[PDB]
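Report on the structure
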Amino acid sequence: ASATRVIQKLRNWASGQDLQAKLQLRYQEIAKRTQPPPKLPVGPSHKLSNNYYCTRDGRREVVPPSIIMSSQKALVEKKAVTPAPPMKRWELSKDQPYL
Amino acid sequence: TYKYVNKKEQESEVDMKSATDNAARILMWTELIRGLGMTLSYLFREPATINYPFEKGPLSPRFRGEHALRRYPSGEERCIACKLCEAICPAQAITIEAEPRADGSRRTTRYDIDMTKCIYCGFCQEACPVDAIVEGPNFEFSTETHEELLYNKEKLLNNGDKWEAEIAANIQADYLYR
Amino acid sequence: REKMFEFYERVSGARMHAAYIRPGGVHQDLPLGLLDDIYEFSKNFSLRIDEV
Amino acid sequence: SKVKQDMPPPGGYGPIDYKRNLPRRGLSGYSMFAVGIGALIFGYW
Amino acid sequence: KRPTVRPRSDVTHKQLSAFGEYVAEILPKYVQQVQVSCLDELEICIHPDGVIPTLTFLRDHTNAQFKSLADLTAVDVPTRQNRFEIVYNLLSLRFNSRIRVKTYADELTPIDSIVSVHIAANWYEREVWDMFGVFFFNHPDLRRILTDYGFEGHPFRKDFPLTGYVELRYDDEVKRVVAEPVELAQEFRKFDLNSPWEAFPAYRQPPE
Amino acid sequence: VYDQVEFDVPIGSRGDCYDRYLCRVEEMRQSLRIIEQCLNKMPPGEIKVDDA
Amino acid sequence: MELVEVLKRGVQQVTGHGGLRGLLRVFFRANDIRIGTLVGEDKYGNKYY
Amino acid sequence: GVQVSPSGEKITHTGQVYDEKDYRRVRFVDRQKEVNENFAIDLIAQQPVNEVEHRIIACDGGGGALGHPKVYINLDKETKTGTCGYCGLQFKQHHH
Amino acid sequence: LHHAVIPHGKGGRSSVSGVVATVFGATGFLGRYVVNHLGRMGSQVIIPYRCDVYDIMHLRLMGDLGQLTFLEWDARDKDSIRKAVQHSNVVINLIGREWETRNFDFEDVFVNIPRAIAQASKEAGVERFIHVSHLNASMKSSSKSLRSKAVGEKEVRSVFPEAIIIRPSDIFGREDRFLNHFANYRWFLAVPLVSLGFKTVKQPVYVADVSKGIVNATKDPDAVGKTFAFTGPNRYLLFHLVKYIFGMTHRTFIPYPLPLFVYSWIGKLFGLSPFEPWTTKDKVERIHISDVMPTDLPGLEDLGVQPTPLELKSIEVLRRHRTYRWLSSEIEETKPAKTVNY
Amino acid sequence: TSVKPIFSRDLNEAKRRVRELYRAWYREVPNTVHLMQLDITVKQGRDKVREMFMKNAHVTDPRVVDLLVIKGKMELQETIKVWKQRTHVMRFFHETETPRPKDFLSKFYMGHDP
Amino acid sequence: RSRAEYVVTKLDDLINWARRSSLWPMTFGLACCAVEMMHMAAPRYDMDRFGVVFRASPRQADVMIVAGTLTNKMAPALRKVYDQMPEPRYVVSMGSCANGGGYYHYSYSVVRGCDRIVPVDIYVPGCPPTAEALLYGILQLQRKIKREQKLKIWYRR
Ligand SMILES: CCCCCCCCCCCCCCCCCC(=O)OC[C@H](COP(=O)([O-])OCC[N+](C)(C)C)OC(=O)CCCCCCCCCCCCCCCCC
Ligand SMILES: NC(=O)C1=CN([C@@H]2O[C@H](COP(=O)(O)OP(=O)(O)OC[C@H]3O[C@@H](n4cnc5c(N)ncnc54)[C@H](OP(=O)(O)O)[C@@H]3O)[C@@H](O)[C@H]2O)C=CC1
Ligand code: SF4
Ligand code: SF4
Ligand code: SF4
Ligand SMILES: [Zn+2]
């Protein structure tokens, strides 16, 4: 930022890009290293009523996996089915489709 | 969505001006000359080199450096020998033994940190209930022998006494997030 | 990359091995001004990509 | 007090450019070849 | 609605259960179990000799098209007869799905390598043999890939110690890096971090 | 929130080092785009999951 | 011009470290002759600019 | 405070010191054994007793969230003051 | 004994062998091997050193953390010798030069320094002192070093009466001054032996065998006050030994019978050097002094070491000195030298 | 008491495989000693190969000895193609390990380990 | 003292100044810590300004920056490339892995510190130690090899 205008014009022409507009050395645009003290918010469960833990525990909502067929416990015309609907094709970008 | 990085759209045909431009590009090395010019621009820029050790790289109050044992404002050591840091230490770099002190308080007779085994992760300083063990921002403590990098309770307390001037200030500046 | 390492050290205290993302969220909140500093970095970074 | 944390300013952040921006610098090949041939002819003479 | 509970979708569970029924009735010769987890993941547990037909069907079937092998690994459960539970994680890019195929082995029954189906299975089965000692039939080059040269034992087995049996150090008398029996300056402290109160009643096993 | 952020996917056409290079550079650019959108759409709230 | 501005910054950087002895001292121990506002000094003698 | 053994080696606040015939002092020969000079035992012995009026006192060590978990000390025994289990500060109720 | 000197462990790197050994010639050739064995079994090894920390820094990995204590010492400093031997129970003396400097001569190195070390050790109260002299150091030998080592043995026994005196023969090893010397004769035209290398009998001993013997002397209860002779299994003539050395080197062999007085002249000509000499008059006298037969003295067998033969351990020394043509040559490609019973 | 074989139906075919592996190792040992600059002679390497085979000689299960043949063949290939170094080859000799004596007096004098 | 001791000391100071002013690392790294050593080579810190330039071959290398985890499969190669350096060779250990095993100290396939294999001159702690800290270690090594007196000990011999 302390460069003279002659070298500034020389580095701008030889690069082809405006380098003084986007300098890669931070000078004064950054935040101050000392900051005001913050005040972080509390979560949704920080309340004194209607906050029973048995209603908001997903950890004990995990069940053992459902057995579809079993060789031991069970001792064993419909459509052909696919594990998911087929992937829709990606659309070409409207911003910049080609470099 | 997606985009092509190398697939060109259709063809640019063949024109006499385009052929002359491609011939000039191949013969007179135009992209090589512009690469030279950009490196010349870097030559005429300002270097990003700081003057170590007279200039130091910027840091933050959260920085995890050399370990330290803090004290209360009365001067009593904050550690209460609860071994929570040793339990949480992922590298098992903390060894603690303790007994009741002469006045009946539970203070460590042995708080060793193998700093060659430490991974400098801050789990101890975020698990300590009394802010006893901390990571002061000293990183300039490289040694010449492996032995003197194995820290005991006296070294850790002495380092906490040494670095208390900025450790308390950093904890004041950052403690409201944690 | 060193500038981005200053960013991680401001978030977590370690320039490389943050251990910041944890099961259940992340470790701590963003310190003030970091978001503006990330904007200041990202505003100028595409010029360097064009240089490469 | 008031809840204070790192949030973007209410006016939103400014535009960040990301596209490839090559400078598109240079003179035409006809002029380059004309200067080269003129230099050759002057040197030969 | 609940901000601390992961949202669930029943449509993916239903599609994966339907596809599990589909695979189970297409291949009754090898499929021993089909299950869909609460996390919407489909697992088919098969006989060890049916690994080649199961993987080939899942890769080359029109309705399966599981053309990408995500990973191949083994789990050492040393309380059952066939202690190595071998897991194949597969990806379908056509239908954007993931499937898990499980089989079993022990220390003396090798299974068929699936290098002829997926080429990544070469290095993945080399890793499985190196870490667990499960041999693979018809492998092109089955050898160690992660352990040291001449390393005795398979270290990812449960009964193998964490620190191992030998360590390397440089000896100046023979001018070589040589292996010695394990001695630690500080022994690894084993922690008993297991609460004696039951955490999940949905997984309460019946008494013996 | 990758389903909420918007970006593009660089796709090669020749399967070589040059196309992989171009894909990496363009997805650096798309990462910069994602960074801009995340900067503008950072929401308020907590950090941990609210479950002790 | 601007070259004279660079040269006068150079001559004040030369004649801003006391004298020739001070300039040579700071140049040969710090490898940097930039002048700044004196922020502080320690009980050990460290100066901070 | 720090005290020296008959061997000349100073004793830590834990109270340990090597013996005269202990071979482990060659570890300290031509070097130093460092001991923290500030002892917590006498640094509390110099702390004054906090004289309060309530029957139950609450201590957090000072600084609020910078201290320890706050505990409640019952000041009923007139023959012995109440000591915080974390910070060691003594508290005494007023009988006048 | 003390509570901290009780042995513990299974004899590995992190074990405690219960020996606190101050090794004085630990920087040199035999010293690195004895320190290696001590740190291998797990010991409190004190290395008093005189040279640079870089020059001793190859010893830094010979033991576990804190089991090796390096400290400065001066040969003219009784205070420093006493501070080196203050906390120890074994003191091992390997101080020696093959030449004479202007600060230290043979008499000082082989008499005054071992006497001072033994006196400081006795006044400090160690219970085991081991001193390495040379074989055939009886008295009135033809070289100054052997006579000086003999009177040093006398002084060490006078001061410390139960000192274990170890007399090894010409020790061969990777960094020795014996096999590398005889292979270093290849840089000249011929090999100048006295009387064509005959009437000179040698039985070299392996450095690892000597070091194992020294360690077993540290832990041997009935070795106190004894003199051991550390000799190899086979006695060779000097001519056949040099012939086998050059055959293993695969370089060439041209011997030359050269008279002893002019060989001593050219030996002191090489020895008049400011640096480490290639050879000295004392070195060539020690080369052409024949080794005596150990009859009544105990040896490596009585101290618990099987002497490894030179034919078995010769290729780790002489493969450095061979060219690219003969680099991949085995043991069996060189005929072993003929042994002699006398 | 019926299992599935790996390569050999009975112990004789697996013994044939063991014999072939021993042939290949015995052929390789001089090449190893020549190529890697080893202190040992050809006799020492062949004695070490014999020692390892006799160490494994007590096995009578066809599957176990088939897997032992497989492991020996991988070690052999890892010796053919130079991946094991001088250190890796000399780890078979334990020349830096002081061996624990097998008698009760020595076991009693060293420590509490039986 | 006599005139010759001062001459030897000044020559030795010149020797040590050359040795510490030109020290070249072997282009050798292992892990995270190697990413940090190339971050020290990065333009902010400029080990080239400090006079410290990579050479790939150990024959042209002076200082060996063991930066990362030493495994049992890597230890013979580590010792080989240490021994193939010429005689004035110095070793700086970088990071907890190379110092004392680090986060894999209790591993079956990790050497518990690179000092079990190579003689380590100085140790730089951290995981990873910052490029600040590695530059501190390099300057400490320069001071350490400024401290030695080879010529003076040779004259005292
Ligand atoms: C000494 C004086 C200064 C010299 C220049 C110094 C500054 C510039 C330095 C530039 C950087 C060079 C670094 C190394 C680069 C290496 C790559 C390189 O150069 O490749 C060469 C490139 C290679 O091109 P290419 O490799 O891309 O081409 C493809 C070729 N195949 C398919 C085989 C791979 O160009 C050339 O070979 C051209 C050589 C120069 C030709 C000059 C012709 C001038 C015009 C002649 C007359 C025309 C008119 C005739 C009359 C008509 C009448 C009508
Ligand atoms: N080598 C042989 O052929 C045989 C040797 N011996 C004897 O065994 C002992 C050890 O042998 P070896 O290793 O080969 O000998 P070295 O030539 O290698 O030197 C042994 C040690 O003595 C130290 N030393 C020598 N003079 C002095 C002195 N004036 N002040 C301080 N230290 C000194 C040296 O230290 P520094 O490096 O600091 O100079 C060196 O570490 C010697 O007493 C030798 O006579 C016995 C039989 C055969
Ligand atoms: S330092 Fe903190 S966490 Fe560790 S034992 Fe002491 S009080 Fe507990
Ligand atoms: S920072 Fe992490 S690894 Fe280091 S002592 Fe604390 S908990 Fe252990
Ligand atoms: S010390 Fe830490 S940063 Fe360095 S290699 Fe080891 S794990 Fe990575
Ligand atoms: Zn309190």
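Scroll up to find the structure this text is about.
Attention now moves to the interface of chain K and chain E. Where interface size is given, it is often the accessible area lost as the parts come together that is meant. Contact residues are listed per partner, giving 12 residues for chain K and 23 residues for chain E. Taking both sides of the interface into account, the surface hidden between chain K and chain E amounts to around 1600 Å²; carbon and sulfur atoms contribute 58%. Three residues stand out in chain K for area buried against chain E, namely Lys73(K), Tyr106(K) and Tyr108(K), and they jointly supply 53% of the buried area on that side. Summed over the shared surface of chain K and chain E, the number is 0 salt bridges. At the junction of chain K with chain E, the criterion picks out 5 residue pairs in polar contact. Considering only residue class, the side of chain K that touches chain E consists of 6 nonpolar, 2 polar and 4 charged.

What follows concerns the sheet that holds strand 7 (residues 90–93) of chain H. All names here are of chain H. With mixed pairing, the 3 strands of this open sheet are ordered in space as 3-7-6. Because the sheet does not close on itself, it has two edges, and the strands there are strand 3 (50–52) and strand 6 (82–83). By the bridge criterion, 2 bridges tie strand 6 to strand 7 in an arrangement that is antiparallel. Across the sheet, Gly-82 pairs through a bridge with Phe-91, a residue of strand 7.

In this structure chain A stays clear of chain I, and the shortest span between their C-alpha atoms is 42 Å. Contact between chain H and chain J is absent, and the minimum C-alpha spacing across the pair is 22 Å.

Here the focus is the coordination of the zinc ion (ligand 6). Residues and elements named next belong to chain H. Protein coordination at the zinc ion (ligand 6): the donors are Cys-59 (SG), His-68 (NE2), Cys-84 (SG) and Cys-87 (SG), at 2.0 to 2.3 Å from the metal. Coordination at the zinc ion (ligand 6) is tetrahedral: its 4 donor atoms span angles of 94 to 133° at the metal. We note that the donor set of the zinc ion (ligand 6) lies within a single chain, spaced as C-x8-H-x15-C-x2-C. Taken together, the residues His-68 in the loop between strand 4 (56–59) and strand 5 (71–74) and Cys-84 in the loop between strand 6 and strand 7 connect sequence positions 16 residues apart. The class for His-68 is buried, based on a relative accessible area of 5%. Residue classification places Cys-84 among the buried positions, given a relative accessible area of 3%.

For the rest of this paragraph, the subject is empty space enclosed by the protein. Taken as a whole, the largest cavity spans an internal volume of roughly 160 Å³. Forming the walls of the largest cavity are 19 residues, and the residues nearest its centre are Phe63(B), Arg64(B), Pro128(K), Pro129(K) and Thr130(K).

Relative to each other, helix 1 (residues 5–15) of chain A and helix 2 (residues 30–43) of chain B sit at 150°, their axes nearing to 7 Å. Taken together, helix 1 of chain A and helix 2 of chain B sit at an angle that is classed as roughly antiparallel. Along this stretch, helix 1 of chain A crosses helix 2 of chain B, giving a crossing that reads as left-handed. Packed against helix 1 of chain A, whose contacting residues are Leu10(A), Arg11(A), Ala14(A) and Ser15(A), the element helix 2 of chain B presents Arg34(B), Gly37(B), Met38(B), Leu40(B) and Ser41(B) at the interface. Of the residues belonging to the contact of helix 1 of chain A with helix 2 of chain B, the class tally is 4 nonpolar, 3 polar and 2 charged.

With that settled, consider a positive patch on the surface. Where like charges cluster on the molecular surface, the positive patch consists of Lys15(J), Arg16(J), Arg19(J), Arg23(J) and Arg27(J). Counting through the fold element by element, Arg23(J) comes out in helix 1 (residues 11–35).

Next up on the list: the packing of helix 1 (residues 29–41) of chain I against helix 7 (residues 207–218) of chain I. All names here are of chain I. At a minimum axis distance of 9 Å, the contact between helix 1 and helix 7 shows a crossing angle of 55°. The angle between the axes of helix 1 and helix 7 places the two elements in the oblique class. Seen along the crossing, helix 1 lies across helix 7 with a hand that is right-handed. Listed contacts from helix 7 to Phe-29, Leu-30, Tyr-33, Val-34, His-37, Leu-38, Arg-40 and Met-41 of helix 1 are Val-207, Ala-208, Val-210, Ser-211, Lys-212, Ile-214, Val-215 and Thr-218. Residues that form the contact of helix 1 with helix 7 fall into these classes: 11 nonpolar, 3 polar and 2 charged.

Here the focus is the site of ligand 5. In the vicinity of ligand 5, the contacting residues are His17(C), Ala31(K), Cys32(K), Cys33(K), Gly68(K), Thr69(K), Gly95(K), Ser96(K), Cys97(K), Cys127(K) and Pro128(K). Chains contributing residues to the immediate surroundings of ligand 5 are chains C and K. Here the shell around ligand 5 gets 3 residues from one element, more than from any other, and that element is helix 4 (residues 95–100) of chain K. Here the shell around ligand 5 is composed, by residue class, of 6 nonpolar, 5 polar and no charged.

With that settled, consider the packing of aromatic side chains. One pass over the full model with this rule turns up 42 aromatic pairs over all chains. A centroid spacing of 5.9 Å and a plane angle of 50° characterise the contact between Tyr103(K) and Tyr104(K), whose relative ring orientation is tilted. Cluster of aromatic residues (ring-pair linked, three or more members): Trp129(E), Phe135(E), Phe137(E) and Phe7(J). Seen from the ring of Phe160(I), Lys122(I) lies directly overhead, with NZ or CZ sitting 4.5 Å from the centre. The ring centre of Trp326(I) lies 3.9 Å from the NZ or CZ of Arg325(I), which sits over that ring.

Moving on to helix 5 (residues 144–159) of chain I. All names here are of chain I. Given a rise of 1.5 Å per residue, 16 residues ought to cover 22 Å, and the 22 Å separating the end C-alpha atoms of helix 5 matches this to within 8%. Within the sequence span of helix 5, burial applies to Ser-145, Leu-146, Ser-148, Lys-149, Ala-150, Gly-152, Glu-153, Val-156 and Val-159. The inward-facing, buried residues of helix 5 abut helix 4 (106–124), strand 5 (128–132), strand 6 (164–168) and helix 10 (281–288). Where helix 5 begins, the capping side chain belongs to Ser-143, and its oxygen is found 3.4 Å from the backbone nitrogen of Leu-146.

For the rest of this paragraph, the subject is the environment of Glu20(H). Residues and elements named next belong to chain H. By the element assignment, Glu-20 lies in the loop between strand 2 (10–11) and helix 1 (40–45). Residue classification places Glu-20 among the partly exposed residues on the basis of a relative accessible area of 46%. Through-space distance from the C-alpha of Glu-20 to that of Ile-57 is 49 Å; in sequence the pair is 37 residues apart. With residues up to four places along the chain from it excluded, the contact list for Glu-20 reads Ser-7 and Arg-25.

Residues and elements named next belong to chain I. In terms of burial, helix 10 is a largely internal element, 7 of the 8 residues being buried. Turning to helix 10, its buried residues number three or more, namely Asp-282, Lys-283, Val-284, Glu-285, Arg-286, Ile-287 and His-288. One side-chain oxygen at the N-terminal end of helix 10 lies 3.0 Å from the backbone nitrogen of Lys-283; it belongs to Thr-280.

Attention now moves to the sheet that holds strand 3 (residues 68–72) of chain I. Strand pairs in the sheet, formed through backbone hydrogen bonds, run parallel or antiparallel to each other. Residues and elements named next belong to chain I. As summarised here, the arrangement of the 7 strands in space is 3-2-1-4-5-6-11, forming an open sheet in which the pairing is parallel. Each edge of the sheet is formed by a strand with only one pairing partner; in this case those strands are strand 3 and strand 11 (227–230). Each neighbouring strand pair of the sheet contributes to a mean axis angle of 20°, computed without reference to strand direction. Of the pairings in the sheet, the one linking strand 4 (residues 90–93) to strand 5 comprises 4 bridges and is parallel in character. Residue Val-91 lies in a different strand from strand 5, and its bridge partner there is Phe-129. Contacting strand 5, strand 6 and strand 11, helix 5 crosses the sheet at an angle of about 165° to strand 6.

Thresholds, definitions, all that
- Residues numbered from 1 in each chain as written, not as in the entry; some residues may be left out.
- Chains lettered and ligands numbered in written order.
- Part of a larger assembly, values for the part shown.
- Heavy atoms only, no water.
- Contact = heavy atoms within 4.5 Å.
- Buried area = accessible area lost by both parts, 1.4 Å probe.
- Salt bridge = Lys/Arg side-chain N within 4 Å of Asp/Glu carboxyl O.
- Polar contact = N/O pair within 3.5 Å; in protein donor to acceptor, adjacent residues only side chain to side chain.
- Nonpolar A, V, L, I, M, F, W, Y, C, P; charged D, E, K, R; others polar.
- Pairing = 2+ DSSP bridges.
- Helix = DSSP H or I, 4+ residues; strand = E, 2+ residues; numbered from the N terminus.
- Donors = N, O, S within 2.8 Å, 3.2 Å for Na, K, Ca; no water.
- Tetrahedral: all angles 85-135°; square planar, octahedral: opposite > 155°, others 65-115°.
- Buried < 20%, exposed > 50% of the residue type's maximum accessible area, 1.4 Å probe, protein only.
- 1 Å grid on protein atoms, 1.4 Å probe; cavity = no way out; pocket = protein on both sides within 12 Å on 5 of 7 lines; lining within 4 Å.
- Points joined across faces, edges and corners; volume = space filled by probe spheres on them.
- Axes fitted to C-alpha atoms, helices over the stretch in contact; angles between N-to-C directions.
- Parallel < 35°, antiparallel > 145°, perpendicular 65-115°, else oblique.
- Left-handed = near helix turned anticlockwise from the far one by under 90°.
- Patch = residues over 30% accessible without salt bridge, like charges linked within 9 Å, V, L, I, M, F, W, Y side chains within 5 Å.
- Areas by Shrake-Rupley, 256 points an atom, 1.4 Å probe, with all protein chains shown as cover.
- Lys, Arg positive; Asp, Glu negative; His and termini not counted.
- Charge placed at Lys NZ, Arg CZ, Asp CG, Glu CD.
- Near = heavy atom within 4 Å.
- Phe/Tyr/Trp six-rings, centres within 6.5 Å; stacked < 30°, edge-to-face > 60°.
- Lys NZ or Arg CZ within 6 Å of the ring centre and 35° of its normal.
- Expected span 1.5 Å × (residues − 1).

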